[PDB]
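One structure is given here, and the rest of the page talks about it.
Number of protein chains: 2
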Amino acid sequence: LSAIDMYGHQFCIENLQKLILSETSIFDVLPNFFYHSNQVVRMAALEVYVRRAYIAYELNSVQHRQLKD
Amino acid sequence: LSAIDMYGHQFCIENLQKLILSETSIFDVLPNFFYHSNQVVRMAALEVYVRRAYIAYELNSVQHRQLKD
């Protein structure tokens, strides 16, 4: 939480490479806040989770939507 | 700001009375932060500001809005 930018930018890709080059699996606690009241930990954690799935595939575009509310 | 609930509850009814029963004058410092980055406590703190302006007039409806982003 300290790491995360928490503007709309939310480019904490470097901390993410520590996450993706984590000896530890981060599906354990990461879920408790990625449905926290904080749009940033929601969004970030969620797409990296995608990435934690498709580490195998090639991702050519990923856009976040933010709907109805 | 710590006091402020920061959720949809947003019950700073009592805190508005501490603002209006403040040994400290609080039109001074409160304004510096109600344009901080955090939308719910924004909502709570800000509407208490509303309440501190028109406590004199009669308010029959107040909706928090949430724009562009």
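Listed in order, the protein sequences are those of chains D and A. Using the authors' numbering, you'd call the opening residue of the first sequence number 1105 and step up by one each time. Using the authors' numbering, you'd call the opening residue of the second sequence number 1105 and step up by one each time. Even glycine gets a Cβ: it sits at the ideal position worked out from N, Cα and C.
Ranked by Cα distance from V1166(D), the first of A1160(D), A1157(D), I1159(D), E1151(D) is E1151(D). A distance below 6 Å between beta-carbons, with the five flanking residues on each side excluded, links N1119(A) to the following residues of its chain, in chain order: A1107.
With a threshold of 8 Å between beta carbons, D1109(A) makes no contact with chain D. Proximity of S1141(A) to chain D, defined by a Cβ-Cβ separation below 8 Å, is satisfied. Counting along the chain, the unbroken alpha helix (DSSP H) around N1119(A) starts and ends at 1117-1123.
Restricted to the stretch 1131-1156 of chain D, not a single beta strand (DSSP E) segment is unbroken, complete and at least 3 residues in length.
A1148(A) and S1129(D) have their alpha carbons spaced roughly 37 Å apart.
With a 10 Å radius around the Cβ and a threshold of 16 neighbouring Cβ atoms, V1154(A) comes out exposed.
Counting only residues of its own chain and dropping the five nearest sequence neighbours on each side, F1138(A) has a CB closer than 8 Å to the CB of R1146, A1149, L1150, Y1153. Leaving aside the five residues that flank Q1143(A) on each side, the residues in its chain whose CB is nearer than 8 Å to its CB run, in chain order, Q1170. Assigned with DSSP and collapsed to three states, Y1111(A) falls in coil, not helix or strand. Taking a Cβ-Cβ threshold of 7 Å, none of the residues of chain D is close to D1132(A); the smallest such distance is about 27 Å.
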